[PDB]
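Undergrad: Residue numbers (my numbering): 259 to 419.
The C-beta atom is built at its ideal place from N, Cα and C for all residues, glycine as well.
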Amino acid sequence: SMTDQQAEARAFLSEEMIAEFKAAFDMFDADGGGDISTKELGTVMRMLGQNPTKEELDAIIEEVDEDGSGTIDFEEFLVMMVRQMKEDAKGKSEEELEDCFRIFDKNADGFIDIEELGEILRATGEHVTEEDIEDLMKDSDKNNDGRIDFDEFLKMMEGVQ
Ligand SMILES: [Ca+2]
Ligand SMILES: [Ca+2]
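(1) Would you call the CB atoms of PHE332 and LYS280 closer than 8 angstroms?
(2) Are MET415 and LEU375 close, meaning C-beta to C-beta below 8 angstroms?
(3) How many angstroms separate the CA atom of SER259 from the CA atom of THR301?
(4) Would you kindly work out how many angstroms separate the C-alpha atoms of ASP293 and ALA282, rounded to a whole number?
(5) By how many angstroms is the C-alpha of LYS344 removed from the C-alpha of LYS396?
(6) According to the Cβ coordinates, are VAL322 and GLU313 closer than 8 angstroms?
(7) Would you decide whether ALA317 is buried or exposed? Buried here means 16 or more other CB atoms lie within 10 Å of its CB.
(8) Alpha carbon to alpha carbon, what distance is there between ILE406 and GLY368?
(9) Taking the alpha carbon of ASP262 as the reference point, which residue from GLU320, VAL337, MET305 has its own alpha carbon closest?
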């Protein structure tokens, strides 16, 4: 069901981006065979802005090099590329979210209180009323303590996963 994975890897990407990826890829494919040595996988990934740990690179080669060819074809390469891209993106957002919280928690007590919540909303310039701010608090405040912890904040920001 790799061919399934392969088809889903291509659908995630736009054709121009896929061709750009190939253009980089083809730089390490001499014989014009459509595959590179798994030795160059990390390199190509990195030039195209992915940052796989050595351990994840080792897992991938392991997955693709089941026959001992010592090579990975462009299709299994887009598959690995999308896995990496998703793994990386998610990661970025976790971090920005963390930053966000630290910024919103103006007294750094570990919670966003109704006063802090109001000030940040009101600063958007949006025409939100008190009733509106207190509605978002109740809805997000899961243990009914009147404040939002990091835990409720993630739930708040990311909705229903
Ligand atoms: Ca606070
Ligand atoms: Ca709470």
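TA: Per the coordinate set shown:
(1) Sequence index remark: in the sequence shown, residue 332 carries index 74 (1-based). Sequence index remark: in the sequence shown, residue 280 carries index 22 (1-based). A contact, by the Cβ cut-off of 8 angstroms.
(2) Here the question's residue 415 lines up with position 157 in the sequence shown. Here the question's residue 375 lines up with position 117 in the sequence shown. No, they are not a contact pair.
(3) Here residue 259 refers to the residue found at position 1 of the sequence shown. Here residue 301 refers to the residue found at position 43 of the sequence shown. Each residue's Cα considered, the two are about 27 angstroms apart.
(4) As a working mapping, residue 293 is identified with position 35 in the sequence shown. As a working mapping, residue 282 is identified with position 24 in the sequence shown. C-alpha separation (whole angstroms): 12 angstroms.
(5) On the sequence shown, residue 396 is found 138 positions in, with the first residue counted as 1. On the sequence shown, residue 344 is found 86 positions in, with the first residue counted as 1. Straight-line measurement puts the Cα of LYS344 at about 32 angstroms from the Cα of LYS396.
(6) For the purposes of this step, residue 322 is taken as residue 64 along the sequence shown, with counting starting at 1. For the purposes of this step, residue 313 is taken as residue 55 along the sequence shown, with counting starting at 1. No; because the gap between Cβ atoms is not below 8 angstroms, this pair is not in contact.
(7) As a position in the sequence shown, residue 317 is number 59, starting the count at 1. For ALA317, the number of other beta carbons within 10 angstroms of its own is below 16, and it is reported as exposed.
(8) On the sequence shown, residue 368 is found 110 positions in, with the first residue counted as 1. On the sequence shown, residue 406 is found 148 positions in, with the first residue counted as 1. Our two residues, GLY368 and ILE406, have alpha carbons roughly 9 angstroms apart in a direct line.
(9) Here residue 262 is taken as the residue at index 4 of the sequence shown, counted from 1. Out of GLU320, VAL337, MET305, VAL337 has the C-alpha closest to the C-alpha of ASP262.
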